Every structure is written in C-alpha cells, then in structure tokens.
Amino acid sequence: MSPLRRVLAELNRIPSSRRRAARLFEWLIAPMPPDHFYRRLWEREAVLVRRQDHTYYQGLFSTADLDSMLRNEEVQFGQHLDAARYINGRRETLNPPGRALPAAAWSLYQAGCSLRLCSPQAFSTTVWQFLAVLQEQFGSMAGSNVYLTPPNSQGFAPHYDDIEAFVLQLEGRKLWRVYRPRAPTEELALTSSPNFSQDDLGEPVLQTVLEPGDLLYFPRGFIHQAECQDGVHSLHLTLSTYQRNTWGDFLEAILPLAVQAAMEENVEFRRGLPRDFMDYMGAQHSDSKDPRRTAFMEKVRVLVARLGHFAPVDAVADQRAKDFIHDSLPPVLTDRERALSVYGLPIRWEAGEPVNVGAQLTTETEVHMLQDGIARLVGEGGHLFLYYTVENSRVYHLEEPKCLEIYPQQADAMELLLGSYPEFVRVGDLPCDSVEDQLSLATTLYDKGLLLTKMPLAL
C-alpha cells in the first residue's frame, strides 16, 4: 500500500495516543527529525521537504474525493468553497450564491478560477483522522484547507496567514515563493494580512516547484504566493495550527485576574490615586518636566512588575486547555480501544431482542483513560468539571462544551486516572472514600466513552 496507508496501519498498532500523534508527525516531516524541526525550524524558518516519492500522501485526498464531495455532500459557496482568481495584480472572488454543485464549481475551474475548500475534515474521514491525531502533538487545533488550481494560473494574491502552515502537495506541480517577514511587526503576525502586490515584496527566501509528496512549511507572517504553469494543475492540502496561541494571548487572560487578585490581597493596589494626577498625566501633559509625572510612571511600572506574583497561571492554563477541548475534533479510536470501550460493547439487536446485555464493571476491573487528549479536569466556582472531546462534532463548535461534574470524593481518583495513561489502574485501587465511589466514577466514565478496560467486560 501507500506510505500514508502504511503509517496509518501502524498507528492502529500503537497503544498510547501520545505516541500515535508523535509517530504521525514524524512521518509527516520525514526524513527530518521532529526534535530538530521544533528546536530550530518551528516558527523560525521556512522548510521544504523534497520527498521524492509521489505516492507519499496517497489515500489522504484527491480531486476525485472533492468531486464526489461537491456532489454527495452539501457544500455551500462562501461557507465551505471559495472560487478565487488573481489577474493583473488584482484578487477577485466569483462565489455564486448557494450550493456548490459540480456543474458550477468545475465551470469556474474551467474559467481559470482556483477552488478553496474550507475544513475538508468535516467530510473526509481520512483528513479528520489525520488532523484529529496531529492536534494532540500540537497542543493546538489542527485545521486544513484544500486548494485546487487550474493550469497556467494563480488564484491568490501574495499574502501571509495567521497560522503555522504545512503545505502537502497531493497532485500536479506548483511554483511556490515564500518570503521572510518584511518588517519586525510582521514577524509571527497575529492577524492575517490583506492582499499584497509584487511591488510590496522583496526577494524570495525560497522559490520552488512542489511535486506530489513534498512538504513545505513556513511560519505565520511569511508572505507566500503560488501559481501553476506549463499546462498542469495543482492540488494541495494546507494544514494549519497555532492560531492565537502565543504568550500575549495567555497574558491577555492572566492580567485581568492578576490585578483583581492583587487588589484583593495587597493594600498597595487599593490605595487611591493622586487627587491631582490629572494635572500632569494625559496626552496634553505628555510634553512636561514635572517630576510627579516621572514618579507616576515609576509607580505604574513597579506595580505592574509585582503583578506576576499574583498571576493565576494554573487557572488560565485550565481555561485554555478547556477551550482546546471544545476546539478539538472528536477522537479516532484504534480497533483495540474500540473493542475495549463502551463503543465496542458486543450488545446489539439481533433477532427480536437485544443480545448480550448486563456488562458490569467490578472492583477487579483494570482501567485507564480511553486516550490522553480527550478530557481535562477544570475547577470553576468551587466546582470540578471533567470536560471531554468524545462528543465533539467534526464541524468546529457545532456542539457546545461538554463536561460532567466530579465530586470532591472522586477528584482524587480522577486526577490519578488523567496522570496514569496508559498504565492500567484497577478500580479497586482507586483512591476514594468507599467502594461505592470507586465503582461510581469508573462506571460513569466508562459509560461516557472516556474509559477502557484491560479486558472486554462480560456479563
């Protein structure tokens, strides 16, 4: 089979979902080591991996998969599919109002337009699994866009995006040009840029024709543009991640809580401001010599620096974690996990009644979390909530945040479980208050598809 189907097959044969994600990423950038890539390339340099194996991504996505998608799925223009053109320095969009029927889409294609399909994971099970696995090692949502460009044309103007982009060339060839950030402010930019023109660009740091199987990575802020030539089309899937997952976004959540804490715990933050500070502070008093102004400025800095001591970093981490649980795509279980989870319980309906009912967990049952990135224990208003991802839709935020409450008498074993993965812990050895608690938690988690047993449960 193809390299993609061979590695996918391997993943099924690996216990830990953490190892699974690490193994897939290793495959994605092979032969270069993930450790080198993360300590030297990630967010610092554009990276081109010439695979020299056109079959590398076979089974991931094709123009046929898209053809059958537009025809069988309800793909909507403007929402899921975008037809773009770039001619004589101007970007244009010829998006018709409505469903993207093959007749209309391919028609645009013939007219010289490029097709951009947002989040193919919402339809392709193979793309979903690919991304669903990679998100775990990114610690950040992994989305993707598919780009289809006709021969001798360019559908997009030069621009930079707000995420870390991995361009996987799936069909055809395409001449790419990646530019280093133009100015300091553009380095690792927060928001996407507008459409630029050649006159706004310097020399390319990397210019090359991509061939099926190659991988091209570049950080957010790197301007890039691509075009087809010599009578051949191009199809590629761009894997993006790390959208607004910077130190700033973290501080953005910290500060508010930190200043609130500092005020509640330290009187220096509760002291009143000067009665007349408005006499020397303000835009009109910028050009002043008053020493009270320099003292005001010094006081502000001093107070700001203290804030670090009151920062609830753990709470914010849990909230980010929680948001990442809501953002995550639902997990793709291995055959083993399935067979050992409530999802694979033998109970079904066969002749005129349900068969094999009565599967119960005992104190002897050995268990462990279905996977390492499906749930998170978060504290909110003296309450403990176990947020999970198993019930998430493949469509971003289609479903609201799912969680179940955990009582103090179970928080201890719940912690252990989230930390024991993939080690098997016997229910009887769960650190609780009573046997009723140990079976309670285990049963509640199991029935929610958040837990698996060492052996399949039998009546």
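Heads up: residue numbers just count along the shown sequence, starting at 1.
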Comparing mean C-alpha B factor in the record for 85-93 and 257-265, the higher one is 85-93
Segment of higher mean CA temperature factor, 24-32 or 415-423
415-423
With respect to the C-alpha temperature factors reported in the PDB entry, which of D161, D214, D323, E73 ranks highest?
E73
Can you pull the Cα B-factors for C432, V390, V49, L60 from the entry and say which is highest?
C432
Would you mind ranking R348 by its C-alpha B-factor against the rest of the chain and naming the third, lowest, middle or highest?
highest
Can you tell me which third, lowest, middle or highest, the CA B-factor of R338 falls into for its chain?
middle
So where's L386 on the chain's Cα temperature factor ranking, which third?
middle
Tell me, lowest, middle or highest third: where does the Cα B factor of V232 rank within its chain?
highest
Compare the C-alpha B factor of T294 with those of the other modelled residues in its chain, then answer lowest, middle or highest third.
highest
